[PDB]
Amino acid sequence: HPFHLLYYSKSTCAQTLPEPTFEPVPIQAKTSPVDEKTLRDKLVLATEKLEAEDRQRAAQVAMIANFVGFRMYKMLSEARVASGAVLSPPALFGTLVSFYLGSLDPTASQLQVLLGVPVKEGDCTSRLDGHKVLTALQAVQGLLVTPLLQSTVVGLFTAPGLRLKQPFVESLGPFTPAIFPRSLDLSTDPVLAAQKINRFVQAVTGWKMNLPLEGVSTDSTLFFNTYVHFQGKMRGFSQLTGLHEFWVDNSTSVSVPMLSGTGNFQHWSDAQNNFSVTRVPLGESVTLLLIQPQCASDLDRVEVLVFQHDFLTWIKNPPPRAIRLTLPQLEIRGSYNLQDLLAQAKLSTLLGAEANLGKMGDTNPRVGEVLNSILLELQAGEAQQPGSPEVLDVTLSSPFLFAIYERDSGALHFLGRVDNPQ
């Protein structure tokens, strides 16, 4: 199970300045919108110059991100339902890696164990190098997007008067260049602060993120909010004009626009547990997995059996075949406070009251919430002969599961349940 490339190397661990701090500008300050095209350009350049070692490193980080992602999705299912769910294991993994990059001895060893990596109480070369991990995680993001958009902006919101340490904020660079430290009152009122954060995110990203705060604290001095926007314009598929019936529940249904494409996709059906997968290539390495249960009356049971478990043995590689796949256009919006998922795993004090985060600023900050908000989009992008006698149509017109997988890293990037696509 070596994670050798993630640990501190003897040369770096073999290696003082008083940390210079700064105060974020007010969250109301006018800010240039984010250019998602620029975020792709850089990510690509990041991939193109990867060495063999760097790809090996990305492979290791993917395993963990996947494993943690499964453990977190287990928590997320229990928390709750009508919309369904979406989780992004890398975005979620790098969020914790950031907190590790700002933590000290007690929390530093803990967060590392939460992230899966073993620690030796005394050894320095058994501790995670956060910078290596984040760059390795930047390799994973890059391999996903080489048409496919993956923007991740981080909103680092601070209570006014709290100064952040410059070295820390820099550390998080590989994770994303779209990090935004901003200051607001987190103790005046939670709803008012909530609308300030939303007003800012909307402004810069452009993405409307329908985010209900599941209440909020009034003694917080630091929010950490990761905002992912995947957009997959899928080749072969095209919009069908007019809406079409999707089956939501035993007594209710809705008519929504579907995209559709013929092609040589991989499709099979698991007999052991009564479901069927449909595998669509989004690109040269990316694959969209679509799982539909034999009957929608045990989608909960299949989900527990496929996602929640670490094994992707249920994933297979049989021969391609002519299939006319039909599925809804996706505007999946998800949002979850990671603090609540840790509470579900009974790790409330991990990033809670006594969490040692001394590297983050001049004063040890009280963390408010740790949001991850997704906008996952599948759309028409711009094969055998139309109406070939060998075309079995797989059609997803009722609750189904999805996952996005990248072969080089082995990274599961996105996964979730679609109970209703509006």
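Residues numbered from 1 in each chain as written, not as in the entry; some residues may be left out. Heavy atoms only, no water.

Header annotation of the entry names X-ray crystallography as the structure determination method and lists the resolution as 2.80 Å.

A. Spotlight on the domain arrangement of the protein chain. Once the domains are mapped, the protein chain shows domain 1 (61-88 + 236-329 + 387-422) and domain 2 (89-235 + 330-386). One C-alpha centre belongs to domain 1, the other to domain 2; they are set 26 Å apart. With 44 residues of domain 1 at the contact, the number on the domain 2 side is 41 residues. For the pair domain 1 and domain 2, the summed buried surface comes to about 3800 Å²; carbon and sulfur atoms form 74% of the total. (Domains from an automatic or database assignment. Contact = heavy atoms within 4.5 Å. Buried area = accessible area lost by both parts, 1.4 Å probe.)

B. Inspection of the packing of aromatic side chains at higher detail. Evaluation of the coordinates by the stated rule reveals seven aromatic pairs. Each ring, one from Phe 157 and one from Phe 200, has its centre 6.3 Å from the other, and the planes form 85°; the classification is edge-to-face. Taken together, the residues span a long stretch of sequence, with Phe 157 in strand β4 (residues 148-158) and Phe 200 in helix α8 (residues 190-205) at a distance of 43 residues. Accessibility assignment for this pair places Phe 157 and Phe 200 in one class, buried. For the pair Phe 246 and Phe 400, a centre-to-centre distance of 6.4 Å together with 70° between the ring planes defines the contact as edge-to-face. Here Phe 246 matches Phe 400 in class, with each residue buried. Here the aromatic cluster, defined as three or more aromatic residues joined through ring pairs, consists of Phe 157, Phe 180 and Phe 200. (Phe/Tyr/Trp six-rings, centres within 6.5 Å; stacked < 30°, edge-to-face > 60°. Helix = DSSP H or I, 4+ residues; strand = E, 2+ residues; numbered from the N terminus. Buried < 20%, exposed > 50% of the residue type's maximum accessible area, 1.4 Å probe, protein only.)

C. View of the UniProt feature "disulfide bond" in the protein chain. A sulfur-sulfur distance of 2.0 Å is found between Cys 13 and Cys 124, whose disulfide is recorded in UniProt, and that is short enough to count the bridge as formed. Residue class for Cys 124 comes out partly exposed when judged on its relative accessible area of 31%. (Disulfide = S-S within 2.5 Å. UniProt positions renumbered as here; feature names shortened; annotations may be inferred.)

D. Just the nonpolar core, in detail. Counting residues in each nonpolar core, the largest one holds 108 residues, and the members touching the most others are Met 72, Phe 93, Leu 290, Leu 325, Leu 376, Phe 402 and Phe 414. With eleven residues, helix α3 (residues 52-79) is the single largest residue contributor to this core. Per-domain counts for this core show at least three residues from each of domain 1 (61-88 + 236-329 + 387-422) and domain 2 (89-235 + 330-386). Excluding its chain neighbours within four sequence positions, the residues that come into contact with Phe 93 are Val 61, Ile 64, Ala 65, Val 68, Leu 115, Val 133 and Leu 137. Ranked by size, the runner-up nonpolar core spans 22 residues in total, among them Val 153, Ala 193, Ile 197 and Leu 375. (Core = buried A, V, L, I, M, F, W, Y, C linked by side-chain atoms within 4.5 Å.)

E. Representation of the pattern of salt bridges in the model. For the coordinates displayed, the defined rule picks out eight salt bridges. Between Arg 57 and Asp 54 there is a salt bridge, with its nearest N and O atoms 3.3 Å apart. Within this pair, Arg 57 and its partner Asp 54 are both found in helix α3, separated by three residues, close to a single helical turn. Across the pair, exposure class does not vary: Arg 57 and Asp 54 are buried alike. Notably, a salt bridge pairs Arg 417 with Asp 419, separated by 3.1 Å at the nearest N-O pair. The exposure class of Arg 417 is buried, given its relative accessible area of 8%. Judged by relative accessible area, which is 12%, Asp 419 ranks as buried. Put simply, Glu 303, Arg 417 and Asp 419 are held in one network by salt bridges that share partners. (Salt bridge = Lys/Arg side-chain N within 4 Å of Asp/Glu carboxyl O.)

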